[PDB]
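Have a look at the structure below before the remarks.
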Amino acid sequence: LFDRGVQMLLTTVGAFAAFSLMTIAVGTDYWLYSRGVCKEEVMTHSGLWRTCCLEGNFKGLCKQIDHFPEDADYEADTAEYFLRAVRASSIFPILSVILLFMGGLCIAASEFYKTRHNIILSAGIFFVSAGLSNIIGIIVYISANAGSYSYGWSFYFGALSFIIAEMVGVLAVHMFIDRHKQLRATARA
Amino acid sequence: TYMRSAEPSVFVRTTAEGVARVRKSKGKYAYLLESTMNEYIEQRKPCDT
């Protein structure tokens with residue numbers, strides 16, 4: 001929004017904050033607060049891979065989510081199996097993590113070989129793609145969930161990471177425009 | 001002809017598990033039995049037949 005040194009710092013701190021928030025989101029088992037079984041029905045906190053029991057007889061033991069449960073799973077159509085494959089693999093959250101890391105690497109490497117103006121464009125594209133990946137992952141996770149409840153802080157950690165990623169992606173493109181604007185300015189002189 | 005050449009086997013040993021197999025498919029299996037027993041089980045809990 002102003003100058004270049006402050007914009008650098010704001011962009012890198014935003015990218016790092018988004019990366020940390022998403023790393024916590026995918027690496028923490030606090031995504032859903034719902035009644036269930038942690039091994040009768042009992043309030044438990046769920047995540048992406050494991051769900052630990054809460055206020056139960058045996059508190060604090062996580063078990064892997066039965067993504068493809070046995071005992072007459074009843075099967076499903078191709079679309080539903082596709083959805084469960086994405087939800088179990090959680091590729092879109094992981095793909096968002098990879099895109100955020102690639103964007104962070106690009107913005108960190110933008111200092112080296114400053115004459116390359118397309119590195120910042122690559123970082124902006126990576127961050128925006130990470131935001132889109134976040135949107136897809138959130139939609140897939142909620143759709144799998146709906147197959148009383150409330151969401152944990154790590155689900156809202158990822159939600160805030162998507163907002164930060166797009167805001168950081170916006171700054172990167174603004175950074176791309178200004179430096180290309182400078183090239184036009186120095187060409188006229 | 002289809003039931004005789006159906007894989008996996010669709011034949012049921014006893015009507016006790018014949019209704020059970022229907023309930024464990026969510027409508028992916030149909031059991032052929034006497035109408036009087038069909039009406040009786042239909043009137044039993046949990047009304048899933």
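Ligands are numbered from 1 in the order shown, chains are lettered A, B, ... in the order of the structure tokens, and residues start at 1 in each chain.
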Subject >> Residue hits in chain B, query chain A, radius 7 Å, only C-alpha atoms, as JSON, numbers by chain >> reply: {"B": [24, 25, 26]}
Original post:
If you count only C-alpha atoms, which residues fall within 12 Å of residue 16 of chain B, apart from same-chain ones fewer than 5 positions away, as a list in words?
Top reply: residues 21, 22, 23, 31, 33, 37, 38 and 41 of chain B
Original post:
Where in chain B does DSSP assign alpha helix (DSSP H), given as a VMD selection string?
Top reply: chain B and resid 15 to 23 35 to 42
Subject >> Shell around residue 146 of chain A at 12 Å using only C-alpha atoms, local window under 2 positions removed, as an MDAnalysis selection string >> reply: chainID A and resid 32 34 83:84 139:144 148:149
Original post:
Restricting the calculation to only C-alpha atoms, which member of A:58, A:126, A:19, A:112 is positioned closest to residue 38 of chain A?
Top reply: A:58
**OP:** Just list the residues in segment 6-42 of chain A DSSP gives strand (DSSP E or B) on the backbone, as number ranges by chain.
**Re:** A: 32-36, 42
Subject >> Surrounding residues of segment 50-54 of chain A excluding itself and chain neighbours under 5 positions, 8 Å, only C-alpha atoms, as a ChimeraX atom specification >> reply: /A:29-30,37-38,42-45,59-65
Requested write-out: C-alpha atoms of the selected residues, as an mmCIF file, in the first residue's frame:
data_model
loop_
_atom_site.group_PDB
_atom_site.id
_atom_site.type_symbol
_atom_site.label_atom_id
_atom_site.label_comp_id
_atom_site.auth_asym_id
_atom_site.auth_seq_id
_atom_site.Cartn_x
_atom_site.Cartn_y
_atom_site.Cartn_z
ATOM 1 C CA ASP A 29 -7.082 -32.946 16.106
ATOM 2 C CA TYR A 30 -9.543 -30.164 17.035
ATOM 3 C CA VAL A 37 -17.469 -42.913 20.368
ATOM 4 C CA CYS A 38 -13.768 -42.599 21.189
ATOM 5 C CA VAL A 42 -19.791 -39.392 24.459
ATOM 6 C CA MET A 43 -18.802 -35.834 23.594
ATOM 7 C CA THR A 44 -15.545 -35.957 21.637
ATOM 8 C CA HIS A 45 -13.358 -33.515 19.715
ATOM 9 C CA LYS A 59 -10.236 -39.195 28.491
ATOM 10 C CA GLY A 60 -7.561 -38.223 26.014
ATOM 11 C CA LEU A 61 -7.143 -41.259 23.740
ATOM 12 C CA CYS A 62 -7.493 -40.572 20.013
ATOM 13 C CA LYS A 63 -8.625 -43.160 17.475
ATOM 14 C CA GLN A 64 -8.382 -42.971 13.703
ATOM 15 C CA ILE A 65 -11.555 -41.908 11.909
#
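Taking atom CA of residue 104 of chain A and atom CA of residue 118 of chain A as endpoints, the distance between them is 14.4 Å.
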**OP:** Would you mind listing what lies within 12 Å of segment 2-9 of chain B as a list in words, with only C-alpha atoms counted and same-chain residues fewer than 6 positions away left out?
**Re:**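 Returned residues: residues 29, 30, 31 and 32 of chain B.
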